[PDB]
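Structure record follows, encoded as structure tokens.
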């Protein structure tokens, strides 16, 4: 497997912060982006359309068995944890139906666990606004493999819970307001 990957975790106010990130990335962004946004079943598709309409990158819902490619932003669908698997030098998504991690599924911790193991030091985690601690254990894995972690600054958060939890463990390499995140991503890849 070549290149890097960006895995974003978000909850409360997630869409608002993503609006300051995704639309500001070039069509030729070299790393595939995966977004795990906490939301009741049946709403993740609305998010895909919302972001696809304002972005140069192609935003869609992640599909089972689909190949993870650059130039795309994949939104995790409801009812399943979004996994990643490496096969013959390529990376594919898989819908896992194991227990809820928190009272949440998909949980960004599951996606990051899989992504980190595959991409290792080339893994980039972004933990945005939201309640709870989802993204913290996932950030641990990312750092354990030499990856990089970005936590959203309180300034642009609706709820400074998820990013704060990541920061308090010492897992954040960068603490940035949503609008500065796209710029940081562009220089890291």
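Residue numbers (PDB author numbering): 156 to 344. By construction, the Cβ of each residue, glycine as well, lies at the ideal position given by its N, Cα and C atoms.
Buried versus exposed, by CB contacts within 10 Å (16 or more), residue 192: buried
Would residue 177 pass as a contact of residue 318 if the rule is Cβ separation under 9 Å? no
Tell me whether the beta-carbon of residue 159 lies closer than 9 Å to the beta-carbon of residue 279. yes
C-beta atoms of residue 166 and residue 344 nearer than 9 Å: no
Please check the pair residue 296 and residue 267, which I expect to be a contact at CB under 8 Å, by giving their CB distance rounded to whole angstroms. 6 Å
So which of 322, 195, 174 and 311 has the shortest CA-CA distance to residue 204? 174
Roughly how many angstroms lie between the CA atoms of residue 219 and residue 186, to the nearest whole one? 20 Å
Length of the line joining the Cα atoms of residue 242 and residue 222: 10 Å
Give me the Cα-Cα distance between residue 290 and residue 275, rounded to the nearest whole angstrom. 16 Å
Cβ-based burial, residue 195 [other Cβ within 10 Å; buried from 16]: exposed
Distance, Cα to Cα, residue 255 vs residue 234? 9 Å
Whole angstroms are fine: how far does the CA of residue 309 sit from the CA of residue 212? 27 Å
For residue 333, the nearest candidate out of 156, 247, 161 and 169 (CA to CA): 169
Please identify the residue among 240, 283 and 188 whose C-alpha is closest to the C-alpha of residue 330. 283
Express the C-alpha separation of residue 316 and residue 270 in angstroms, rounding to a whole number. 23 Å
Along the chain, where does the alpha helix (DSSP H) that runs through residue 264 open and close? 263 to 274
Just to confirm, is the Cβ distance from residue 265 to residue 293 under 9 Å? yes
Over what stretch of residues does the alpha helix (DSSP H) that includes residue 321 continue unbroken? 317 to 323
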